[PDB]
file final.cif (mmCIF, C-alpha atoms)
data_work
loop_
_atom_site.label_atom_id
_atom_site.label_comp_id
_atom_site.auth_asym_id
_atom_site.auth_seq_id
_atom_site.Cartn_x
_atom_site.Cartn_y
_atom_site.Cartn_z
CA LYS A 220 0.00 0.00 0.00
CA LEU A 221 2.90 2.38 0.67
CA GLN A 222 4.39 1.83 -2.78
CA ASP A 223 0.93 2.38 -4.27
CA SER A 224 0.37 5.68 -2.47
CA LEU A 225 3.89 6.81 -3.34
CA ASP A 226 3.43 6.15 -7.06
CA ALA A 227 0.11 7.97 -6.87
CA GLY A 228 1.88 10.94 -5.31
CA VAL A 229 4.54 10.99 -8.01
CA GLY A 230 1.78 10.85 -10.61
CA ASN A 231 0.06 13.85 -9.06
CA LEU A 232 3.48 15.50 -8.96
CA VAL A 233 4.35 15.14 -12.66
CA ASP A 234 1.51 14.00 -14.93
CA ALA A 235 -0.42 16.55 -16.98
CA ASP A 236 -4.16 16.39 -17.63
CA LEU A 237 -5.06 16.01 -21.30
CA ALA A 238 -8.64 17.31 -21.42
CA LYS A 239 -7.18 20.81 -21.12
CA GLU A 240 -4.70 19.95 -23.86
CA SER A 241 -7.40 18.97 -26.35
CA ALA A 242 -8.53 22.60 -26.06
CA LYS A 243 -5.03 24.09 -26.09
CA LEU A 244 -4.09 22.19 -29.25
CA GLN A 245 -7.14 23.45 -31.16
CA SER A 246 -6.58 27.02 -30.01
CA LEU A 247 -2.90 27.09 -30.96
CA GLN A 248 -3.50 25.44 -34.35
CA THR A 249 -6.13 28.05 -35.18
CA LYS A 250 -3.86 30.84 -33.96
CA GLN A 251 -1.02 29.44 -36.08
CA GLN A 252 -3.18 29.49 -39.21
CA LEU A 253 -4.17 33.08 -38.45
CA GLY A 254 -0.50 33.91 -37.95
CA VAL A 255 0.45 32.55 -41.36
CA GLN A 256 -2.39 34.56 -42.89
CA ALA A 257 -1.24 37.73 -41.13
CA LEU A 258 2.34 37.08 -42.24
CA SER A 259 1.19 36.76 -45.86
CA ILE A 260 -0.76 40.02 -45.62
CA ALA A 261 2.31 41.71 -44.12
CA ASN A 262 4.59 40.35 -46.85
CA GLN A 263 2.26 41.57 -49.61
CA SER A 264 2.46 45.26 -48.58
CA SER A 265 5.40 46.16 -50.85
CA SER A 266 3.43 45.70 -54.11
CA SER A 267 1.73 49.11 -53.83
CA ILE A 268 4.95 51.01 -54.60
CA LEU A 269 5.00 49.81 -58.21
CA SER A 270 1.68 51.52 -59.00
CA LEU A 271 3.26 54.92 -58.28
CA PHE A 272 5.79 54.45 -61.09
CA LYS B 220 14.19 40.62 -31.32
CA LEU B 221 17.12 42.97 -30.68
CA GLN B 222 18.65 42.35 -34.10
CA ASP B 223 15.25 42.99 -35.68
CA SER B 224 14.99 46.28 -33.79
CA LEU B 225 18.49 47.31 -34.88
CA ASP B 226 17.70 46.55 -38.52
CA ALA B 227 14.47 48.54 -38.28
CA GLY B 228 16.44 51.44 -36.81
CA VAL B 229 18.93 51.37 -39.67
CA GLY B 230 16.01 51.31 -42.08
CA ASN B 231 14.49 54.39 -40.50
CA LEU B 232 17.95 55.96 -40.61
CA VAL B 233 18.62 55.56 -44.35
CA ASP B 234 15.48 54.51 -46.27
CA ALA B 235 13.88 56.91 -48.75
CA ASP B 236 10.13 57.53 -49.04
CA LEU B 237 9.47 56.42 -52.62
CA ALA B 238 5.96 57.90 -52.73
CA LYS B 239 7.55 61.35 -52.44
CA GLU B 240 9.95 60.47 -55.25
CA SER B 241 7.07 59.44 -57.51
CA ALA B 242 5.87 63.05 -57.46
CA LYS B 243 9.30 64.68 -57.41
CA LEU B 244 10.44 62.74 -60.49
CA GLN B 245 7.54 63.77 -62.73
CA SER B 246 7.84 67.34 -61.48
CA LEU B 247 11.51 67.42 -62.48
CA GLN B 248 10.77 65.82 -65.85
CA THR B 249 8.25 68.55 -66.63
CA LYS B 250 10.62 71.23 -65.35
CA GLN B 251 13.43 69.80 -67.50
CA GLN B 252 11.28 69.92 -70.62
CA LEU B 253 10.42 73.53 -69.76
CA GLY B 254 14.12 74.27 -69.32
CA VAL B 255 15.00 72.75 -72.69
CA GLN B 256 12.26 74.70 -74.47
CA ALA B 257 13.32 77.89 -72.66
CA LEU B 258 16.93 77.39 -73.75
CA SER B 259 15.66 76.81 -77.29
CA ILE B 260 13.72 80.08 -77.29
CA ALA B 261 16.74 81.88 -75.78
CA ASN B 262 19.01 80.50 -78.52
CA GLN B 263 17.27 82.52 -81.25
CA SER B 264 18.31 86.02 -80.12
CA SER B 265 20.65 86.20 -83.13
CA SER B 266 17.76 85.73 -85.58
CA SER B 267 16.37 89.26 -85.16
CA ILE B 268 19.44 91.07 -86.52
CA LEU B 269 19.07 89.56 -90.01
CA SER B 270 15.97 91.71 -90.63
CA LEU B 271 17.92 94.92 -89.93
CA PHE B 272 20.14 94.46 -93.00
#
call {"tool": "encode", "arguments": {"input": "final.cif", "output": "structure tokens"}}
result
Amino acid sequence: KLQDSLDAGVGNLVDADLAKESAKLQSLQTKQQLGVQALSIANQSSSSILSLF
Amino acid sequence: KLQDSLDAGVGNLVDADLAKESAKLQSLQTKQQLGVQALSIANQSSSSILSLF
């Protein structure tokens, strides 16, 4: 019983809960796709100079 | 981040505003054509004396 309680305490000490991570993964994947879109929009800005000439 | 800030500072230090140059260039082209035509009209001062003789 002592070894059981000790392993349970180590598991509380270290193990992460995954139900939070199913949310965190979705949020960061969506934010990454928005970041690539924002980076494309930022890269495109230089094209306007050519219209002036 | 610090190298990005230093590069942005150099860019503010030396970059030209091309939208200003788009106006300044056409203004100088028109002024140059006016200067050439003015020099052409000034060249003909010798023409008037032929009528006197």
call {"tool": "resolve_selection", "arguments": {"input": "final.cif", "expression": "the PyMOL selection byres ((chain A) within 12 of (chain B))", "output": "list in words"}}
result
residues 265, 267, 268, 269, 270, 271 and 272 of chain A
call {"tool": "atom_distance", "arguments": {"input": "final.cif", "atom1": "atom CA of residue 249 of chain A", "atom2": "atom CA of residue 266 of chain A"}}
result
27.6 Å
call {"tool": "atom_distance", "arguments": {"input": "final.cif", "atom1": "atom CA of residue 254 of chain A", "atom2": "atom CA of residue 220 of chain B"}}
result
17.5 Å
call {"tool": "atom_distance", "arguments": {"input": "final.cif", "atom1": "atom CA of residue 236 of chain B", "atom2": "atom CA of residue 263 of chain A"}}
result
17.8 Å
